[PDB]
Amino acid sequence: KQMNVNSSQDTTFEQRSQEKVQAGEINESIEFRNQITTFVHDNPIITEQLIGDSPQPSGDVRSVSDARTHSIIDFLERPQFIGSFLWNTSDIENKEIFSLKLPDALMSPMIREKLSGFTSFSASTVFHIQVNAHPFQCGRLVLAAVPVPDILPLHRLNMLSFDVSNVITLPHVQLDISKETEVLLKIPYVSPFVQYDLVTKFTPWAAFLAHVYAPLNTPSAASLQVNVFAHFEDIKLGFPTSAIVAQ
Amino acid sequence: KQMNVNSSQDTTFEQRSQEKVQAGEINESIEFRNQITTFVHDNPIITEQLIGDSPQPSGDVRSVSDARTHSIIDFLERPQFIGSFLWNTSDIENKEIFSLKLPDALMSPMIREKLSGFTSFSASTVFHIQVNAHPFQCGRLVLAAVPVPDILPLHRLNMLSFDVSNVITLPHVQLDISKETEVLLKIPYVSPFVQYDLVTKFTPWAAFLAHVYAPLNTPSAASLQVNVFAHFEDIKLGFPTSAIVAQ
Amino acid sequence: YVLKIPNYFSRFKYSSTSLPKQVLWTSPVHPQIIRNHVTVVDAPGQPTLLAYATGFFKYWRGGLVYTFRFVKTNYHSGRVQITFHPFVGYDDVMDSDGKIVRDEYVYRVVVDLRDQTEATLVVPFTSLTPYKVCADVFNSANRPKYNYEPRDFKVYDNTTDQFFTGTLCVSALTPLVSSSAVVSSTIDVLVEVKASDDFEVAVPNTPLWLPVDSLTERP
Amino acid sequence: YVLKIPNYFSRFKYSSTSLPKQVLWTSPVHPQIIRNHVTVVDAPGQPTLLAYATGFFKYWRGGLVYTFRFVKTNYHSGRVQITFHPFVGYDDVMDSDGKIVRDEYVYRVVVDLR
Amino acid sequence: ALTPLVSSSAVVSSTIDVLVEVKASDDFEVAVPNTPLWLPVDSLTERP
Amino acid sequence: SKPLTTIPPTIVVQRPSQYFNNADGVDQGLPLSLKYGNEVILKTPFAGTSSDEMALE
Amino acid sequence: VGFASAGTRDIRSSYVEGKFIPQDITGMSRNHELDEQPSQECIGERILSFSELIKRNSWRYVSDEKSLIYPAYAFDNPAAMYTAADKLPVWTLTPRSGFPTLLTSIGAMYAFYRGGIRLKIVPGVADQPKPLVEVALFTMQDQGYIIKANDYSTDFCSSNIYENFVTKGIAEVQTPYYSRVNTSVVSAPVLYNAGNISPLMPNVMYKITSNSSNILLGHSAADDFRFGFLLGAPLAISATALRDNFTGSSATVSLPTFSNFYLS
Amino acid sequence: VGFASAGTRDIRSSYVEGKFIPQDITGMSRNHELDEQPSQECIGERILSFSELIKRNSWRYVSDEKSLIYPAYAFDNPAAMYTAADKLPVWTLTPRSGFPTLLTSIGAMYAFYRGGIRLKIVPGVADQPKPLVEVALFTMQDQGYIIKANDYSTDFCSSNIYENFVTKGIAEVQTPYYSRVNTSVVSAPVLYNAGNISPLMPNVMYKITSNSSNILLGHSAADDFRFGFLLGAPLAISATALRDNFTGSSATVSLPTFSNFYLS
Amino acid sequence: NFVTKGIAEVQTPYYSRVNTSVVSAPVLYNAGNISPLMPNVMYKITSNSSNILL
């Protein structure tokens, strides 16, 4: 079967090989699978093609196909520009530049289209914070990660908003705008749920936050854009389902 | 770089290895690729993770992950119930049960979501026509395929609607409702375009049609549903693009 | 040799005023890159070497190399992204605010500009047909009237797709910042194009361009 | 390749009413098998693939393959005979009652239909 | 027919259709290509 | 490359029908068959004999 | 192999591929086994493919223009009308690109083609003082892929061939495939807007010029030409019936043949 | 190799010589690696050099003189004027030695050349009683390197070739480089005083004579011809735009093409 | 070409439905061009000369 059949089984005599069935029925039938659907036929079938059938030769598509290939995992691993946040001279120590939930912040139409059809997924996540200050500007940011933000005790979330000291104890990386151009933090998937529920959205496994560690310091008022790029890694997909990836 | 970097290159001394550049600039910088995005950094960067970082262990997800894996190609290969068409005793020789364009008829939300992000694709196609008549009913259908339907000369399309004899000369398979339960026809991708244009939709590469070959013959008026299942095979994808998969 | 000679064909600005995601420049990817005649205001214009040379053929295919020269000092700082959008014209890479859209879907190079001043990349041929047509001018009037003008690739559809593969685009990720006490707040960015190793032309016949010893306004 | 493509060119009926030896169908053996134009009533008609293709030549020779598809259920029962009568036209394979004649003299296939 | 086609009228039609197809055998051969018998046309309609 | 010819000239003889009256030679006629070299075999026997009935002998 | 079966057995591809082998009614396969004696003794040749027939040239169109733009790869056939009404001509043909040829008649059975073609031109008049004919590759993007009298006076540096109607008599040309794709569409649709850039056919036409007031154009397949994807019989009418005159009106249909062309 | 650099890296010669190798935006060089299938399946040939194109002949000039002195190695192109003013022709071309050909159009991109050229002549009339055409090497030192009707009646013992417009139809000539230097200058300036002795071009011209009242001259590179020192695009205008007539005046520009020449 | 050559020369294949033809077979009114006694092929000759010698 050149019908790219995943498996095929003529079941005509199957009833004749059951131990507790005697003189079993001989019933012309065949079962075959194509990906997630199995066809169980109860009579003969005919499988036809073009005379001398040959699939389209691979060389024909070089004019348009990418030499690189792209699967669902590949799409989820693509860097995405997640946002551009304002940082200015008036922001003081610990001012929040941004706080982005995971996955949430990466659930663009590109990612949603590819996750559609799965119950869930889990992944490590890499965040880049980029700042382009000119040489006469100084300042410092902290990019940190906190787990299961929507179910963490309030005292903990408050501590993060009260004092940057509680952000520095978290897994984090620091950005000195006069020395580094970009800084990255990779966080593995950690949660009571083995994968993130795309159907009920019950519970984002982490949040990445960026707070001012030392204010943007310039001779006159100024502001800079703090940009975020992110992508998933160590991706694990769920199970095929008709459930909608919730908005 | 455990940042699942596809490639990485410290370019600090790159300018020192150009033949026509003398005393080239030593410039701390690094370039790395993640899937389809390349980051070209013009200064030092820091890459941080959890202390003793370990990605989520695979065994943790067995409770939800499918032992089978699913990529874009896998999704496009999934059988789909394309339609249920009426066939009744009053239909005479050559009456058209259906005519479905390719891809068009298979462009369900599931397929569109997975093709989104590609300029185009090409594939062989397998069609199943299924009919469930009871033993006291007889009749016969023809499932045939015709290429580039929207650009074929009108005389040819008319010939198909005028006489079933012009359907029988085409690549086709016949269904005897009293003998076979289902019948399949596989057609390779053939077209002046090396892949189907998902952006401009310019030109469906084929159409599958089912015509009455011998009328449904029963003692009193009756009707049967003629069902269609289809899926793609020998799939070839296009190039990454932001162009919209046209409605 | 001829098609690999550099063709300066365009320039744009980048400043402290540019906004995140703002499209700074776009160009359709094809070889009929033209310039303006200086002494006369005809619509067709003057071809670059690339357009003149490929103009002797009706078909083309292959990669095109683009080089961006950012004319700046080491005290200007900003990040810009160069993206390739196959099968889309320039009006469709941007939204109504001039901001780039759907950039997660395309090949992209994020260029950090501090000490760096140049970026070069090859845009590979991306087409459903092995060959594209070298675009000729089109008649903007109705026969029997003729008024030929250069084609406008604002959209990639069945009236334009036989000539180009899509749009190359440069958009700002951040404004270009710098101290106004010492440097200009706006810089020029120059763009050059030339053929890649696989560039190929076919079907030599009536040329698109006709050489002349002089071109003046008729009194 | 071209001449081996199937040409549907005719149909007939078989019923509880058909009589023993009754001729149900006949066809002359040759390749200029034609069909009817649907939008117009010209006498010549429309050629089948076989007639169109062989029509580019003035001469032909060789065997012709015929396939009979009986559209029935497993509850219809009857026997029919397929016979070849070289050198005779269709008015001469039958008598005045539409019954076949001299069938002992020809190659014949007796088909049992159940 | 050697016999009538019999069946129970309580459950099945008493008359059936029989379709016939023809094609060339292995030894089929044509010769003397010249003026074709058939002329292809892009459309055929009744002249008013 | 497109070099200049270096083949020397040949003197020619214009002729309406060479070998018109000869039993031999090489006929220059244009064949009406689809295959230029169409030719039927020499059948033996023919018309009941293996003898050459056209021979003067 | 067995004359009958319970269920379909004679399947289109299986028979052509030799996997299904029907039994001879006589039971002796020798009765339908190839015999080469007939062609060798009676015909003198044995045609095996339509590939051979389309390499034979046939007449396609008659032009009354001295300089013409002609749609080289257009394989369409005429529109036909029929009537049995009194005093009206029985058949009428209205061509677009020309009348049927072996190339377009065989082509009408297929969906696709690839490869080059050949052109032959017979002059209505071999003008001694101005005997040359020029056939030029025509590529203007603006031109519709249809027949049109030449109005262009600016198509410099084209690919040209010259033939002499007086010293030779018939012009012979070969046209390369020169296609933007590897599979073209037989009788692809030509539109108003279209021009000469559609990927469905080579983007190339002919510009024919001579001092003969009329010319007869013919064509055939070049050696690298092929038709692909058999569809079946095309819509067709009996060529012999074109002489019909039973309505009382005399037949007025006339195909482009040398005798029709050369004599008035 | 790296998409960016601090300082210039993409240097003109380094790229052409293959020392600088830009990276594909996709990171896979295979995406811009040569694929030979397209030309083999769709085109049928693969052009690699302008050296091939200039060996194709194209029309250069139309003469209305029966005996003419013509500047063989003059590769200049016409002067052009443009206007959008009402009722004036949009484009006008004023030739000196002729209109653009593949030879002069490709040549306009370079500074130098060396090697011979070829000449082709189409007759306006092939006069049966006086069918010959003579093309002679013309070397008088006094003659300016410009087009002029022949007034000389004393140029004995010249190198002559004869072609017959009636038995053949087109005259074909090959001209040796015959230069005083090994590097000539494309479209070198010709002056009043000049004569035919400047070292910037072969000191050789053509003297063409026939009994045809008009002739169409064309040329191409001989097999030993070459252009050298690429300069860039020459000053040029859109050839298709020459049909412009939006000012209300009908287009009057006409290039020397066979169809323009043969028919009135 | 009667001007460049002067005499037309043709070769006709046997193109017969049988391997033995009959010399001066009888031709009839009804007959047409399908009798097995001779190749079913004839000539159609056209030129602008008012007379020709075959």
# chains A, B, ... in the order shown; residues from 1 in each chain; ligands from 1
>>> interface_residues(of="chain H", to="chain B", cutoff="8 Å", atoms="only C-alpha atoms", output="PyMOL selection string")
chain H and resi 2-7+9+11+14+19-20+26
>>> select_by_dssp(residues="stretch 7-216 of chain C", states="strand (DSSP E)", output="PyMOL selection string")
chain C and resi 7-15+23-28+34-35+46-47+57-61+64-71+78-86+108-113+118-123+132-133+138-139+148-149+166-172+186-195+200-204+209-211+214-216
>>> interface_residues(of="chain E", to="chain I", cutoff="12 Å", atoms="only C-alpha atoms", output="ChimeraX atom specification")
/E:30-35
>>> write_last_selection(atoms="N, CA, C and O atoms", output="short mmCIF file (atom, residue, chain, number, x, y, z; two decimals), in the first residue's frame")
data_model
loop_
_atom_site.label_atom_id
_atom_site.label_comp_id
_atom_site.auth_asym_id
_atom_site.auth_seq_id
_atom_site.Cartn_x
_atom_site.Cartn_y
_atom_site.Cartn_z
N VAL E 30 -2.55 0.61 -35.93
CA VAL E 30 -3.17 1.52 -36.89
C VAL E 30 -2.12 1.93 -37.91
O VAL E 30 -0.92 1.95 -37.61
N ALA E 31 -2.55 2.23 -39.13
CA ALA E 31 -1.61 2.59 -40.18
C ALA E 31 -2.22 3.58 -41.16
O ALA E 31 -3.44 3.75 -41.22
N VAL E 32 -1.34 4.20 -41.94
CA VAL E 32 -1.70 5.19 -42.95
C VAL E 32 -2.31 6.44 -42.33
O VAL E 32 -3.52 6.70 -42.45
N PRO E 33 -1.49 7.22 -41.62
CA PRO E 33 -1.99 8.45 -41.01
C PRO E 33 -2.13 9.50 -42.11
O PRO E 33 -1.22 9.71 -42.90
N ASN E 34 -3.30 10.12 -42.18
CA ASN E 34 -3.53 11.15 -43.18
C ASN E 34 -4.69 12.00 -42.67
O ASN E 34 -4.83 12.19 -41.46
N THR E 35 -5.53 12.52 -43.56
CA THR E 35 -6.65 13.35 -43.15
C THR E 35 -7.46 12.70 -42.02
O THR E 35 -8.06 11.65 -42.19
#
>>> residues_around(residues="residue D:76", least_positions_apart="6", cutoff="9 Å", atoms="only C-alpha atoms", output="count of residues only")
10
>>> closest_atom_pairs(of="chain A", to="chain D", cutoff="12 Å", atoms="only C-alpha atoms", output="Markdown table")
| residue | atom | partner | partner_atom | distance |
| --- | --- | --- | --- | --- |
| A:50 | CA | D:5 | CA | 11.6 |
| A:51 | CA | D:1 | CA | 9.0 |
| A:52 | CA | D:1 | CA | 10.7 |
>>> interface_residues(of="chain F", to="chain E", cutoff="12 Å", atoms="only C-alpha atoms", output="PyMOL selection string")
chain F and resi 32-35+38
>>> closest_atom_pairs(of="chain F", to="chain G", cutoff="6 Å", atoms="only C-alpha atoms", output="CSV")
residue,atom,partner,partner_atom,distance
F:38,CA,G:44,CA,4.9
F:39,CA,G:44,CA,4.4
F:40,CA,G:44,CA,4.2
F:41,CA,G:41,CA,5.7
>>> residues_around(residues="residue E:18", least_positions_apart="2", cutoff="10 Å", atoms="only C-alpha atoms", output="ChimeraX atom specification")
/B:214 /D:10-14,24-25,68-72 /E:15-16,20
>>> select_by_dssp(residues="stretch 26-134 of chain C", states="alpha helix (DSSP H)", output="list in words")
residues 49, 50, 51, 52, 53 and 54 of chain C
>>> write_last_selection(atoms="C-alpha atoms", output="JSON list (two decimals), in the first residue's frame")
[["chain", "number", "residue", "atom", "x", "y", "z"],
["C", 49, "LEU", "CA", 24.12, 48.50, -14.13],
["C", 50, "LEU", "CA", 22.11, 45.53, -12.83],
["C", 51, "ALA", "CA", 18.90, 46.67, -14.53],
["C", 52, "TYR", "CA", 20.67, 47.56, -17.76],
["C", 53, "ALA", "CA", 22.55, 44.27, -17.98],
["C", 54, "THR", "CA", 19.65, 42.02, -16.98]]
>>> atom_distance(atom1="atom CA of residue D:62", atom2="atom CA of residue D:7")
16.4 Å
>>> interface_residues(of="chain H", to="chain C", cutoff="8 Å", atoms="only C-alpha atoms", output="JSON, numbers by chain")
{"H": [3, 4, 5, 6, 7, 8, 9, 10, 12, 15, 16, 22, 23, 24, 25, 26, 31, 32, 33, 34, 35, 38, 43, 46, 47, 53, 76, 77, 78, 79, 80, 81, 82, 83, 100, 105, 108, 230, 232, 233, 234, 235, 236, 237, 238, 239, 240, 241, 243, 244, 245, 246]}
>>> residues_around(residues="residue I:22", least_positions_apart="3", cutoff="8 Å", atoms="only C-alpha atoms", output="JSON, numbers by chain")
{"I": [25, 37, 38]}
>>> write_last_selection(atoms="N, CA and C atoms", output="PDB file, in the first residue's frame")
ATOM      1  N   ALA I  25      -7.337  -3.637 -61.376  1.00  0.00           N
ATOM      2  CA  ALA I  25      -8.536  -4.133 -60.729  1.00  0.00           C
ATOM      3  C   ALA I  25      -9.702  -3.257 -61.208  1.00  0.00           C
ATOM      4  N   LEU I  37      -8.425  -4.347 -53.287  1.00  0.00           N
ATOM      5  CA  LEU I  37      -7.628  -4.712 -54.455  1.00  0.00           C
ATOM      6  C   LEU I  37      -6.483  -3.767 -54.866  1.00  0.00           C
ATOM      7  N   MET I  38      -6.363  -2.631 -54.188  1.00  0.00           N
ATOM      8  CA  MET I  38      -5.337  -1.620 -54.497  1.00  0.00           C
ATOM      9  C   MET I  38      -5.134  -0.822 -53.231  1.00  0.00           C
TER      10      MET I  38
END
>>> atom_distance(atom1="atom CA of residue A:178", atom2="atom CA of residue B:44")
10.4 Å
>>> closest_residue(among="G:29, G:247, G:126, G:13", to="chain I", atoms="only C-alpha atoms")
G:126
>>> residues_around(residues="residue C:190", least_positions_apart="4", cutoff="8 Å", atoms="only C-alpha atoms", output="PyMOL selection string")
chain C and resi 8+10-12+68-71
>>> interface_residues(of="chain D", to="chain E", cutoff="6 Å", atoms="only C-alpha atoms", output="JSON, numbers by chain")
{"D": [3, 4, 6, 7, 8, 9, 10, 11, 12, 13, 14, 15, 16, 17, 18, 19, 20, 21, 22, 40, 55, 56, 57, 58, 59, 60, 61, 62, 63, 64, 65, 66, 67, 68, 69, 70, 71, 76, 77, 78, 79, 80]}
>>> interface_residues(of="chain A", to="chain B", cutoff="6 Å", atoms="only C-alpha atoms", output="JSON, numbers by chain")
{"A": [35, 43, 44, 45, 46, 47, 48, 49, 50, 55, 56, 61, 64, 65, 66, 71, 72, 78, 113, 114, 171, 180, 181, 182, 183, 184, 185, 186, 188, 189, 194, 238, 239]}
>>> atom_distance(atom1="atom CA of residue G:199", atom2="atom CA of residue G:49")
28.3 Å
>>> residues_around(residues="residue G:184", least_positions_apart="2", cutoff="10 Å", atoms="only C-alpha atoms", output="list in words")
residues 191, 192 and 193 of chain B; 73, 111, 112, 113, 114, 115, 177, 179, 180, 181, 182, 186, 187, 188, 199, 200, 201, 202, 227 and 228 of chain G; 42 of chain H
>>> write_last_selection(atoms="C-alpha atoms", output="mmCIF file, in the first residue's frame")
data_model
loop_
_atom_site.group_PDB
_atom_site.id
_atom_site.type_symbol
_atom_site.label_atom_id
_atom_site.label_comp_id
_atom_site.auth_asym_id
_atom_site.auth_seq_id
_atom_site.Cartn_x
_atom_site.Cartn_y
_atom_site.Cartn_z
ATOM 1 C CA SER B 191 1.081 21.737 -12.200
ATOM 2 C CA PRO B 192 2.947 24.506 -14.022
ATOM 3 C CA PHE B 193 3.639 25.921 -10.513
ATOM 4 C CA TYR G 73 2.253 28.429 -28.306
ATOM 5 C CA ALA G 111 -3.683 18.727 -20.291
ATOM 6 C CA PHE G 112 0.024 19.587 -20.479
ATOM 7 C CA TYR G 113 3.048 19.987 -22.743
ATOM 8 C CA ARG G 114 6.705 21.012 -22.686
ATOM 9 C CA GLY G 115 9.335 21.538 -25.358
ATOM 10 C CA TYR G 177 10.709 26.014 -25.263
ATOM 11 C CA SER G 179 9.439 28.713 -20.661
ATOM 12 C CA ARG G 180 9.384 30.077 -17.114
ATOM 13 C CA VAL G 181 8.066 26.674 -15.922
ATOM 14 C CA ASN G 182 8.712 23.022 -16.798
ATOM 15 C CA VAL G 186 -2.507 23.087 -23.397
ATOM 16 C CA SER G 187 -4.863 25.880 -24.565
ATOM 17 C CA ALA G 188 -4.413 27.883 -21.402
ATOM 18 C CA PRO G 199 3.509 31.364 -16.705
ATOM 19 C CA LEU G 200 1.113 28.936 -18.422
ATOM 20 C CA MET G 201 2.905 29.169 -21.821
ATOM 21 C CA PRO G 202 6.334 30.264 -23.011
ATOM 22 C CA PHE G 227 2.264 16.088 -24.278
ATOM 23 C CA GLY G 228 1.353 14.810 -20.797
ATOM 24 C CA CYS H 42 12.728 25.176 -19.174
#
